[PDB]
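Chemist: One structure is given below, represented as structure tokens, and several questions about it will come after.
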Amino acid sequence: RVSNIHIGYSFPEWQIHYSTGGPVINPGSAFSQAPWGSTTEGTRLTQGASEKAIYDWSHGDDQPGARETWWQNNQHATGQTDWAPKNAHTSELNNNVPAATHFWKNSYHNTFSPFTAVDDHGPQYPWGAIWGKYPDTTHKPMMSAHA
Amino acid sequence: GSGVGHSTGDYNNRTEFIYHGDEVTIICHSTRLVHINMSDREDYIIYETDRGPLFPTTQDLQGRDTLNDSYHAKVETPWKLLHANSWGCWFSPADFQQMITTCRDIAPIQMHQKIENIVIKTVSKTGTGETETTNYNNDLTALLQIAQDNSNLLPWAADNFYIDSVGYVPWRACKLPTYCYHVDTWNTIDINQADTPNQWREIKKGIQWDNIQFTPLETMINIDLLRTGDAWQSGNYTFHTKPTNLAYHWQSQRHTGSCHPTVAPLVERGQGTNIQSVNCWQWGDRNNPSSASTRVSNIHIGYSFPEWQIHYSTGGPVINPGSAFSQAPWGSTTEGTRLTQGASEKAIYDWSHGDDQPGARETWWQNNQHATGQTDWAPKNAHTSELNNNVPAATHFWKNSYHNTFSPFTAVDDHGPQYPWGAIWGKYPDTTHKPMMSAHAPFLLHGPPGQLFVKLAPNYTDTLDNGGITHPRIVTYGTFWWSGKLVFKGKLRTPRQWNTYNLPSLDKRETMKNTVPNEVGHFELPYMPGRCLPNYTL
Amino acid sequence: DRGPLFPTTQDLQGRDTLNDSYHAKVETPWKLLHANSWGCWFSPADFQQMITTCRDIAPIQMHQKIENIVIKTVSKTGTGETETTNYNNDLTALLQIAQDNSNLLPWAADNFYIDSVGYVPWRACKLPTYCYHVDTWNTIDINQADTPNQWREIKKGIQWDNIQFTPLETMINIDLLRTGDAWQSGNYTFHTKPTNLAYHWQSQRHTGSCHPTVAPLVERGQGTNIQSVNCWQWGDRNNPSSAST
Amino acid sequence: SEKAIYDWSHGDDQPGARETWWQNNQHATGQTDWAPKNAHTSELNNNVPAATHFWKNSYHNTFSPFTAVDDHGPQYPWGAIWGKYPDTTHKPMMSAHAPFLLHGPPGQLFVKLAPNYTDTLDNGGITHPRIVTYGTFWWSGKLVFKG
Amino acid sequence: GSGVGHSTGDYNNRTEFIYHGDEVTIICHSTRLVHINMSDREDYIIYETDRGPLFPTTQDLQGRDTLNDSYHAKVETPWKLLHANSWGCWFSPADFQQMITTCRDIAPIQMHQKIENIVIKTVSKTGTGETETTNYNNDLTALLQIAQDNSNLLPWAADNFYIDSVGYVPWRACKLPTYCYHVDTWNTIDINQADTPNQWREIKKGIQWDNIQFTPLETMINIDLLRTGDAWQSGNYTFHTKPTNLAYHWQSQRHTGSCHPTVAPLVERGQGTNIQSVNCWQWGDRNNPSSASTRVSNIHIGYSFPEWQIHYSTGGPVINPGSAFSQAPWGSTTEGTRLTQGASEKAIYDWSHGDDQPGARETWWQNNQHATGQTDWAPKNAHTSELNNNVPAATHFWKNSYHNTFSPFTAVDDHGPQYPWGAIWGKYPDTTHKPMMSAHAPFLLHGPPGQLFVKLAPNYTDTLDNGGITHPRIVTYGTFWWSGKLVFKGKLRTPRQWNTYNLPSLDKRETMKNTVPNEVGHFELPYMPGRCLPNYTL
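Chains as they are written, first to last, in the entry's author numbering: chain A, 326 to 472; chain B, 32 to 569; chain C, 81 to 325; chain D, 375 to 521; chain E, 32 to 569.
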């Protein structure tokens, strides 16, 4: 049914950009893999632009001389979850059900469009950065991937 | 005076066009009689739904059939929702033609609305058997209760996406849809599986109860109780938005800018020749040939998108729309082969909304046929590795791909207003990134016009026991008169060309006699696009 | 016509169809004069002066003039071999000038064909003729269901029903000038943003805090990345914690 | 990358021929992202991906809300200084050639010689000869920049 | 400054639409380049003319062929006449569409005009044989002489009935017709004779010399001599007239008033039945049946006239027009059988006026096809002696008569404006009884806009002898730029109906591509009627 906007967008993930400085990750949008069966214990699905913090005794860690890891799947954001292997597209949208041909299951594409409403990570305690810096470029980013 | 026997309002449904230099002010009046009856229950309820019709129970279509899922979970309220959001509510067919002929762009300015001439009465069946007699007699002391939600505390259900609104025809009575809104539920269908391909399976299905949000209207907003002699005023509402363009754009990326230098033809019906060697900016490392196909440009008009993109979300599968464009250049026609590819859309509507006969639903499929400059259809595009004087090889050329070419350079354009059935306005989501443009309603609002809820207060019998088991109530219905005024402003249109235009008419699929009433009074409102006249983009 | 090097055959199976210049225009008797280009306003040393000494720049205001108008006619009396031509003034003759301020006419001065006033100040210049596109469908199908590795044209031609034809005479006021009078543009003020005159060399791995390392002890020695550090990593990954992720 | 084709009237050495200058944009190395060289993998964790779950050769559009990017900038001699926005609901975010996009661009200036007819113009349309005429005028302009 | 090398004017040809509430102000600018050359002679002359082509020299068609007489007698003057009277002069096709779409009625308000940028030059042929060379070189001292006739002392020749006016296309050069006017002559042809029937004979033919009136312009009005550096102003002219209605009327005498009482149909596609016994005013002594055919009415719409009425006058045979109406209800069609009966008219026009190709003349026959309410065609009417409950006998009924039913009761309606070629205004005759309405031009004026005369002063050689035999003069021609501004005012039109209109377009006989220029630049202006939209009369 028609709608004015779309919530979320697929992105090739994890996108490895080989740049002039070296390979990097190009992030996708933040979302929870919980609707798809992800859990901290058991099978972990990293797909949601999840991130891990590595920290030591000086920053919020229990014992000296070791580093502790906290992996945050962003588990409360379930409305934004769009994961490209699960999406499909068909050629014609009508009263007929598509054929085996004219249906494409497995593609990875970037659906970010003028219609997409999306949402960022937000503040992460303790370890998240509060602020960040814009680059000076003709096109500034629309939103931040961490801070 | 005021009381039982004095009328609280009058009937005004008519439009006004105020012309001053380079400015048009349209004042739309709409008055409708609304037939309301007692709620199915006095309680809020929350329930899951079935999948829907034509959802697969088997693997035989191997998942391609799962687009049919309507499954969801809602909280249904005793309240009814009354909104005017649609074009056919405010305009008659001749008023909308007047607007789209004489105006360049338009925006809504301010709005207010009223409810008055409230009548409530009860049904008493004394028939006691065959040849049964019913009596309809007033309850002078009885309450219609009205709640306007100004601060938008309640979830937004009035988007006109189910075309449930006040009627289009002024002299007919109307009925309101029941208000209800979604609750959090996971619906995740896996059509692509590692172990077992060509299968579909549901991973997580059900209501998520832990964080569920349940909001009654009683706790959120003040409710006004009205009797037969008093009336209700909305107050003024002011839109904050941008005008929408009433002209369609025919120019593609090769219809804009300076055209390639040519040698004019000497005779009649002769064609010019492109000069081979010219000064040009070319893309890539290419001088030969320097052609209009490859030359630099500041912008690009249109973008490809995977279409139709089926997004399997936490709530279920959805369509992720592409840009609106006409498939006519590729041979699409309403009759014959239909190409749905342009982000086309169909309206389903009934006798209450612009339909000819009662008891049936009519369908209007709009291919957006005037927008031919924006048309970009991914199977037809290609890409090559090197752009130079050489023609690419079989390798280094990719024909069939589906990609999203939306970039910083793309200039694109929306659907625009659709008469009768299109929504006038819509609501932004609150997210860090707001959408750049709307896929249906021409105007997205941060605060949209407040939602207006209407309900009949219950009339109990004498047997209410406080225990909960027996709370009968006497059958009751009511009617009230809804008035509203919406003001638009726009820019006056003047001829930019020598030759005559094609002024907005009736789509070839419609004829004039089906627009006017019948021997029995049946007629349907015609379709008109909000953009019926061409103009230059750049 | 299509243009040079457009395929007439299927031998290159559609890959050759990028060469299409086909279009449809309305050509006007008017000539177009614009200064839009960098080489018009700056000399090579002036542009070097600017890009050396400035961070960013934007245009502010502009005006222009036309004057010292001379019009004359050609008279060939030669009547055969050893032909003589005479160039003599018409004192009463008109140059007509139209400035389009409200942008009612289609926009043809983009400098994409590099047709502009000359770059060299001491040389004479000639203007391109003004013309603009009309609505036409050109749709080539290089990807077909029935017959692959083919190309076919679906819709080709001018769309006459809604066509727009705008003369300058009806849209804008035209000024007629004789040899003694001159023409002024009036002032024009740009509204825009500055553009940055510095290029950026930093990639996504040249920005931000660099990975912690152990500095080299000797000359031409290279530092070593510390294996275990505090970091924010993408995904569920501590090992290795690298500048890549 | 883009190439300019220009003649003696515009910055060219010899008359009667056209010269070509291909500009690879060679100073902008930080922005370089070339799709055949990028890759994406399914899971990002301490494990190295398998042969499956790694996709080398794809071509996708990674433009996202997070991307900071940068345009061509001014090109001497031949680059356009300004350009025109299209009127559409979504205006482009940045220009692919001219450094400055304008809503109203500088007005277009049109020039024509009025016709000088002979005495034989017949009003019928068949014969309207006109005497061969040419002209010269001097164009002056002043453009002000600030930076 | 001013002199040889300074231009005296600028080119403005464009229209402006000023909208204020219920009022429209249209300001039309028109500027044209006029090519003028030396007069055929510097003297006035007076001469008779031949009959014309296809006039009978024999009795074989027994007089029916004598309608072809063009015979007359004129006084031809060296002056040329320049008038803007026509619709196609002031409006472009899109401007006229804008007007007739958005306005109810309109009238011209004020007008002024100019002449400037005067160039005069001479032709010198030195070729002296084959391969001849001509030189075109300025005479800086030479005179264009201009005479505006404000008081209307000269006979009125600018009626645009020969469609000789300033050109319709702004970018093309124009040429003026020579001014000349009739002198008194008797032409009387007798097609009905007592002695010898089925013959034709001329009684009195020739110029009547005794009372003849000969008026030069030199004696009547002041003449302005202009050189290349000076320019000419008209002064302001103000029209005094009434607006003309831009809506056509479809209602006949049986489409007006209260309709006969009927019983509505119960089903779909059923038709109602007229109630047999009703209260009515009937004509005559008649109650049975009381039918919509016979019932009283205050007025009558339309009148029959003998048509085509050929009036044999003292000047020759003429057509006496009937009222304008459509023959479409009777089965007339442009293709197929054409019925000319409605006071229809044809325009003959050339490349200079709205025609596609040079060297040929194109014809447009306008049946007035939107006016169907006024249609009264005498062969179809009948009359009977008694009007009562009895049906008339074979006697007392007259079928085939041709009579003029114009009466005090008749309401009738004129042609209205015809684009491009119709005259805007006309001139009243001075007679004791002025006509009630016009047969062509929408506006009849007492003082019409003054006639403007233009002439090149003669350039003699040195051989002028004062004896009259030798007065050679050097071949000279000129060009000047004519500017004018005509202001119109009218009433804004608003929708009176629910359903959409048919907005003014292009006649089925025209297509859009013939309106726009060609590969070689050939195009023709489309026909539009000034009344393209319906409205209720009474």
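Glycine included, every Cβ here is placed at the ideal spot set by N, Cα and C.
Can you list, in chain order, the residues of the region 477-497 of chain D whose Cβ is nearer than 7 Å to any Cβ on chain B?
Modeler: Per Cβ criterion, the list is empty.
Chemist: Please classify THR406 of chain E as buried or exposed, where buried requires at least 16 neighbouring CB atoms within 10 angstroms.
Modeler: So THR406 of chain E ends up on the buried side.
Chemist: Classify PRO448 of chain A: buried if its beta carbon has 16 or more other beta carbons within 10 angstroms, exposed otherwise.
Modeler: Exposed is the call here.
Chemist: Can you check which of these residues, B:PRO247, B:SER514, B:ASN229, is closest to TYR212 of chain B by C-alpha distance?
Modeler: Comparing Cα positions, the closest option is B:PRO247.
Chemist: So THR108 of chain E is in the alpha helix (DSSP H); what residue range does that whole segment cover?
Modeler: It is not in any alpha helix (DSSP H) - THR108 of chain E instead sits in the beta strand (DSSP E) that spans 104-113.
Chemist: Suppose the cutoff is 8 Å on Cβ atoms and the five residues either side in sequence are ignored; what does the same chain contact list for residue 22 of chain B look like?
Modeler: The displayed coordinates of chain B run from 32 to 569. Any statement about residue 22 of chain B would go beyond what the structure contains.
Chemist: Got a sec: which bits of the region 321-351 of chain B sit with their beta carbon under 8 Å from any beta carbon on chain D, in order along the chain?
Modeler: Correct list: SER321, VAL327, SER328, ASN329, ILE330, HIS331, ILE332.
Chemist: Beta-carbon of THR209 of chain C versus every beta-carbon of chain D: anything under 8 Å?
Modeler: No, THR209 of chain C does not count as interfacial toward chain D.
Chemist: I'd like to know if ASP387 of chain D contacts chain A, where contact means its C-beta is closer than 8 Å to some C-beta of that chain.
Modeler: Judged by the 8 Å Cβ criterion, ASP387 of chain D is not in contact with chain A.
Chemist: If the cut-off is 9 Å on Cβ atoms, which residues from the region 436-466 of chain B count as contacting chain D, listed in chain order?
Modeler: So the close ones are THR436, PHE437, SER438, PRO439, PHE440, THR441, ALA442, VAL443, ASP444, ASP445, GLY447, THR463, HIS464.
Chemist: Which value, in whole angstroms, describes the spacing of the CA atoms of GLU299 of chain B and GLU550 of chain E?
Modeler: If you take the alpha carbons of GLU299 of chain B and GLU550 of chain E, they lie about 6 Å apart.
Chemist: Where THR108 of chain B and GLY198 of chain B are concerned, what is the direct C-alpha to C-alpha distance, given to the nearest angstrom?
Modeler: About 22 Å.
Chemist: Within 8 Å, do at least three Cβ pairs link the region 336-354 of chain E to the region 456-464 of chain E?
Modeler: With the cut-off at 8 Å, the region 456-464 of chain E and the region 336-354 of chain E do not touch.
Chemist: For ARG369 of chain E, which residues in the same chain have their Cβ closer than 7 Å to its Cβ, ignoring the five residues on either side in sequence?
Modeler: Hits under 7 Å: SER363.
Chemist: By Cβ distance, which residues of its chain are closer than 8 Å to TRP429 of chain B, with the 5 residues on each side in sequence left out?
Modeler: Taken in chain order, the residues that qualify are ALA413, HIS414, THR415.
Chemist: Please report the residue range of the alpha helix (DSSP H) in which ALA138 of chain C lies.
Modeler: From DSSP, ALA138 of chain C is part of no alpha helix (DSSP H) but of the beta strand (DSSP E) over 136-156.
Chemist: What are the boundary residues of the alpha helix (DSSP H) that includes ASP126 of chain C?
Modeler: From DSSP, the alpha helix (DSSP H) with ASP126 of chain C extends over 124-133.
Chemist: With DSSP as the reference, label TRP263 of chain B as helix, strand or coil.
Modeler: Looking at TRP263 of chain B - three-state DSSP - the assignment turns out to be strand.
Chemist: Are the Cβ atoms of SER322 of chain B and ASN99 of chain C separated by less than 8 Å?
Modeler: Against a cut-off of 8 Å, the Cβ pair of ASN99 of chain C and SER322 of chain B comes out as a contact.
Chemist: Output needed in chain order: residues of the region 298-311 of chain C with a Cβ under 8 Å from some Cβ in chain A.
Modeler: Answer set for the region 298-311 of chain C: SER308, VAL309, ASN310, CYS311.
Chemist: With a cut-off of 8 Å, does the C-beta of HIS384 of chain A fall near any C-beta of chain C?
Modeler: Closer than 8 Å: yes.
Chemist: Between which two residues does the alpha helix (DSSP H) holding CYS120 of chain C run?
Modeler: Residues 118-121.
Chemist: Quick one: what does DSSP say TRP281 of chain E is sitting in, helix, strand or coil?
Modeler: Coil, per DSSP.
Chemist: Which same chain residues, not among the five before or five after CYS311 of chain E, have their C-beta less than 6 Å away from its C-beta?
Modeler: Closer than 6 Å at Cβ, skipping near neighbours: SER321, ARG326.
Chemist: Based on Cα-Cα distance, which residue from B:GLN397, B:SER101, B:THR436, B:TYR268 lies nearest to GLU79 of chain B?
Modeler: When only C-alpha atoms are compared, the closest one is B:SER101.
Chemist: For the alpha helix (DSSP H) holding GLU249 of chain B, just list the boundary residues, first then last.
Modeler: Per DSSP, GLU249 of chain B belongs to the alpha helix (DSSP H) from 248-251.
Chemist: Using three-state DSSP, classify residue 29 of chain C as helix, strand or coil.
Modeler: Residue coverage of chain C in this structure runs from 81 to 325, which leaves residue 29 of chain C outside it and unanswerable.
Chemist: What residues are listed by DSSP as bridge partners for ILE58 of chain B?
Modeler: DSSP, once it has assigned bridges, lists B:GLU47, B:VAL518 as partnering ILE58 of chain B.
Chemist: Quick check on the DSSP output: the beta strand (DSSP E) that includes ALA413 of chain D runs from which residue to which?
Modeler: Run containing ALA413 of chain D: 413-415, per the beta strand (DSSP E) assignment.
Chemist: Consider the Cβ of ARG135 of chain C: report whether some Cβ of chain A lies at a distance smaller than 8 Å.
Modeler: No, its Cβ sits nowhere closer than 8 Å to a Cβ of chain A.
Chemist: Of all the residues that make up the region 546-562 of chain E, which are near chain B by a beta-carbon distance shorter than 7 Å?
Modeler: Within the region 546-562 of chain E, the qualifying residues are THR546, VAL547, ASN549, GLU550, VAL551, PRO557.
Chemist: Just to confirm before moving on: does the CB-CB distance between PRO201 of chain B and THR62 of chain B stay below 8 Å?
Modeler: In contact: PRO201 of chain B and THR62 of chain B (Cβ atoms closer than 8 Å).
Chemist: Of all the residues that make up the region 203-229 of chain E, which are near chain D by a beta-carbon distance shorter than 8 Å?
Modeler: For the region 203-229 of chain E, which is checked against every Cβ of chain D, the residues closer than 8 Å are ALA204, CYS205, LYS206.
Chemist: In the DSSP assignment, what are the bridge partners of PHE484 of chain D?
Modeler: Partner(s): C:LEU112, C:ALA178.
Chemist: For a test of the three-state rule: what should DSSP assign to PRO560 of chain B, helix, strand or coil?
Modeler: Reduced to three states, the DSSP call for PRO560 of chain B is strand.
Chemist: Tell me which same chain residues have a C-beta within less than 6 Å of the C-beta of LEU483 of chain B, skipping the five on either side of it?
Modeler: Hits under 6 Å: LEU113, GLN179.
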